[PDB]
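Each chain gets a letter, A, B and so on, in the order its sequence line appears, and its residues count up from 1.
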Amino acid sequence: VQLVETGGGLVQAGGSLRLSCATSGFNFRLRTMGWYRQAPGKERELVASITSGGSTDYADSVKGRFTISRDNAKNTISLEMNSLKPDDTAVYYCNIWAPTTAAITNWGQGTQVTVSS
Amino acid sequence: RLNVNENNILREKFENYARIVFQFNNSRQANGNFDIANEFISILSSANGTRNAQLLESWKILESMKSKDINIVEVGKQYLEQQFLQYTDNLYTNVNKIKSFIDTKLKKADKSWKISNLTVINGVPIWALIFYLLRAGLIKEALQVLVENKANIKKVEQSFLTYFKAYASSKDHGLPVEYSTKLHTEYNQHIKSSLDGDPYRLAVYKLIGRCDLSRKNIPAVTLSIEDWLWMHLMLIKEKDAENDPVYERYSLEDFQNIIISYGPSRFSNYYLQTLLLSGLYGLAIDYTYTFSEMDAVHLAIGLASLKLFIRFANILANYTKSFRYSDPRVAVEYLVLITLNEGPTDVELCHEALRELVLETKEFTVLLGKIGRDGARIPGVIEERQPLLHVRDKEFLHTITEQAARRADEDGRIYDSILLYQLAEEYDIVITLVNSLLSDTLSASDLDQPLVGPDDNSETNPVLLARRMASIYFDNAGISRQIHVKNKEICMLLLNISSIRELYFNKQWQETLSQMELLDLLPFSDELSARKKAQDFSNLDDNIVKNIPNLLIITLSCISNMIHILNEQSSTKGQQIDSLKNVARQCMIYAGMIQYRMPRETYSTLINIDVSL
């Protein structure tokens, strides 16, 4: 398994960003996948998740503003982030969805997302 | 090159042997008292032929070794002595039974002796008596008879009595260097070269004193291979217990070297016993291979049971090859024997063999387990033998199940993959696979065919399977928690679709249409519903989008049948036909907006039904 999260960086409040994750080394199609965030100090939390067939589910924190999608041909997962807020500033990780976030124990490096102003 | 299934005879001993191996593992796990040697002793005694007697005595050799701290030289001597003693018992005090053996077989029909120059006192060849007592392990009796005859052996042998008492009253069965040098001088000066000397006297001197190690055999009293083995074994010392190594020495390796240099040519019907008694365990296994692979494999297990040790793991994994497919469970039984040697690589070799058995025979339910009706896992045979695997872990079992699952998925063995992911407790993946299988079934199976037949089951039928997974998993908080909320919802929606298809197949048009509207996928509601559902189309789950075409076909077809039925009375038939025609219209408008993401024939099928309304 390998999770190469790209996209993101610094952006002004109210702006837009699109995260992506190219995956390798496991069968992508069968796994529910999720996007997580880890604010400085705070623990790592689930933001959005998507089943094999493209059904999605969102934390209240980001509902209406974030959109998770996947491309089973390219083995990518994407997270469009619009109308961003400084409260969304965190490192973002893509990994298999699991009911309790602590149990993953198999992650990628992540992309830092920072929203100014 | 052995094939256990090639005849009744060659198949009947295999299960008889496998059944011993089976209760050996049982006591292994149960920390019990089972003794494999005496089980093979029981089975091998009834059979016969020369090799079987050969094999039978070899197990009696292994049996004698039991519960003894193992010194190769000591157990070998104890075996040959106890055998001779019981031989003189079969033939019939021990002393009187040996006396009778002497009077019988050392005498010719004349009453003449077959060995000349015997010192005979009261018709008793006393040195033959001393010797055969020693040959029977009866040391204290042997010293006893020498003592009673002190007044009949002059003074040259009188001194020997003191060396004997010393040899007898010890544990090493060695003599202090002041005694061994004195006895050797006396041996060389009076006994070794004597003209008319009793040959038993000479043997007893040589055995008790290790006199003149350059000449190890006294042929005149070496009457059998057992005697030859015993006399050599009697002369072996540890290297660090040689009083005069630069003058003379004899170690176990010396004894093994000459046994090897002679080869089987010189060892008659006794070479396997000879290799075993000399502690050449590999060679005894290898020699057994020349005439019975099955008996070789099992002799190796006997020797491994005694921590005596071609390589065990390969011995056990090679034997398994002819019956891995035919008999997966007994293959495990022999692979599990690999951790008898208790080695660092042995544990890992046993794991790799088991993984190879699972991945290759694909015998998942016997080897890995299966799911009961309630959802609870029944352990497979590998799991049942987990104690014998010396696992740090249950991680191993989990790891092998996941590997078989990904191979299953790669191969297209969907039912395999669904079973394996259940065993691996990968519950969200299971529902993912079940939803994908049911969805493909609903969209691809020709519409007019039935989905479930009277003889279908929950293991292989996609509708019955999904129903079973929904029943045993979704109402199990421990499991249901692990399935994403949308995977549960897609499963229930697909199942509602399959219920709609059954009603349709059964011509329940009105009730099909009502359940169809409850799906909340098609535009039943009003004019603006068509627009709303068309927009929703691009966001439907992959499992659902592909079933929209048949749902439209069922809907238009149900309406067409119901309008005919209504036109063949009632006060409001007109209003019900208008309402039905309204649903068809909204569905056709919806269909026309999504049709270029549908199969190219769907719209044409649809509108041909619509203009008949």
Side-chain angles (χ1 to χ4, degrees), chain A residues 2-3 21 23 25-28 30-36 45-62 64-73 75-80 82 93-104 107, chain B residues 395 402-412 414 417-418 420-422 424-440 442-443 473 476-494 536-548:
Chain A
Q2 206 67 82
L3 311 157
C21 169
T23 85
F26 62 89
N27 191 358
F28 181 92
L30 269 41
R31 312 226 64 151
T32 309
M33 305 288 292
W35 274 103
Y36 306 73
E45 60 161 27
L46 179 66
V47 160
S49 63
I50 181 168
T51 63
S52 185
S55 297
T56 67
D57 194 61
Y58 297 92
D60 302 50
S61 324
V62 307
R65 322 199 333 269
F66 287 9
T67 297
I68 184 169
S69 64
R70 69 193 290 150
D71 193 320
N72 290 359
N75 311 282
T76 69
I77 310 269
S78 319
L79 178 72
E80 157 153 307
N82 284 326
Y93 305 82
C94 183
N95 217 332
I96 312 287
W97 169 82
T100 81
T101 177
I104 314 297
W107 314 60
Chain B
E395 178 270 9
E402 301 265 5
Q403 286 175 22
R406 300 187 308 265
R407 281 258 311 119
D409 215 70
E410 286 166 16
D411 292 21
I414 303 189
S417 71
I418 287 176
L420 289 153
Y421 276 118
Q422 275 177 102
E425 309 170 77
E426 294 279 19
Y427 292 116
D428 190 64
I429 285 168
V430 168
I431 302 303
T432 295
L433 286 174
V434 165
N435 288 350
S436 205
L437 174 57
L438 176 52
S439 148
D440 181 56
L442 294 160
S443 68
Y473 287 161
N476 183 314
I479 297 166
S480 178
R481 223 192 40 102
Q482 292 170 58
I483 297 158
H484 191 280
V485 66
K486 291 304 205 66
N487 275 329
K488 267 141 93 175
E489 280 170 15
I490 293 293
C491 186
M492 306 313 289
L493 189 61
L494 294 171
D536 286 352
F537 180 91
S538 44
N539 297 315
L540 289 172
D541 188 276
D542 289 353
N543 288 299
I544 307 306
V545 278
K546 46 162 91 183
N547 282 291
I548 296 290

*Asks:* Among B/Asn543, B/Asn487, B/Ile483, B/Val485, who wins on heavy-atom pairs under 4.5 Å with chain A?
*Replies:*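 With the most close heavy-atom pairs to chain A, the winner is B/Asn487.
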*Asks:* So, for B/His484 and A/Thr32, which heavy atoms are closest and what is the spacing to 0.1 Å?
*Replies:*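 Looking at all heavy atoms of both residues, the shortest contact is CD2-CG2, 3.7 Å.
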*Asks:* Work out which heavy atom in B/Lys486 is nearest to a heavy atom in A/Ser55; give both atom names and the distance.
*Replies:*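 Taking every non-hydrogen atom into account, CB-CB, 3.6 Å.
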*Asks:* What closest approach, in Å, do B/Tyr421 and A/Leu30 show between heavy atoms, and which atom pair accounts for it?
*Replies:*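 So the minimum-distance heavy-atom pair works out to OH-CD2, 4.1 Å.
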*Asks:* Testing B/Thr432, B/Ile431, B/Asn435, B/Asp541 for side chain to side chain contact (heavy atoms under 4.5 Å, CB included) with A/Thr51, which one passes?
*Replies:*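 Of the listed options, the one satisfying the test is B/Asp541.
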*Asks:* Assess whether side chain to side chain contact (heavy atoms under 4.5 Å, CB included) is satisfied between A/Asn27 and B/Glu410, documenting all intermediate values.
*Replies:* CA-CA 9 Å; A/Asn27 191 358; B/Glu410 286 166 16; over 6 Å; no
*Asks:* Look up atom OG in A/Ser69 and atom CG in B/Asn539, then write down how far apart they are to the nearest 0.5 Å.
*Replies:*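 Here the interatomic distance stands at 11.0 Å.
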